[PDB]
Amino acid sequence: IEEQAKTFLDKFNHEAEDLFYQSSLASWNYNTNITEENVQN
C-alpha cells in the first residue's frame, strides 16, 4: 500500500504544480493590473 501511495503522490505532484502555477500567475496578473476581466480570470 506504501508503494501505490507513493505512486499516487508522484502522479498528483505533476498535475498540481502546473495548475498552481497557472492560478498564481492569474493572481499576479490581477494584482498587477486591476481590471474586472482579470478578476474573472
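What counts, and at which threshold
- Residues numbered from 1 in each chain as written, not as in the entry; some residues may be left out.
- Part of a larger assembly, values for the part shown.
- Heavy atoms only, no water.
- Residues with missing side-chain atoms left out of burial classes, pairs and counts.
- Helix = DSSP H or I, 4+ residues; strand = E, 2+ residues; numbered from the N terminus.
- Polar contact = N/O pair within 3.5 Å; in protein donor to acceptor, adjacent residues only side chain to side chain.

This entry, as listed in the PDB, derives from cryo-EM and reports a resolution of 3.29 Å.

Turning our attention to the overall build of the protein. Along the backbone of the protein there are 2 helices and 0 strands. Expressed along its principal axes, the backbone C-alpha trace of the protein runs to roughly 50 × 15 × 10 Å.

Let's shift gears to the side chain of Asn38. Its place among the elements puts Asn38 in helix α2 (residues 36-40). Within polar-contact distance, the side chain of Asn38 engages the backbone oxygen of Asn33 at 3.0 Å.

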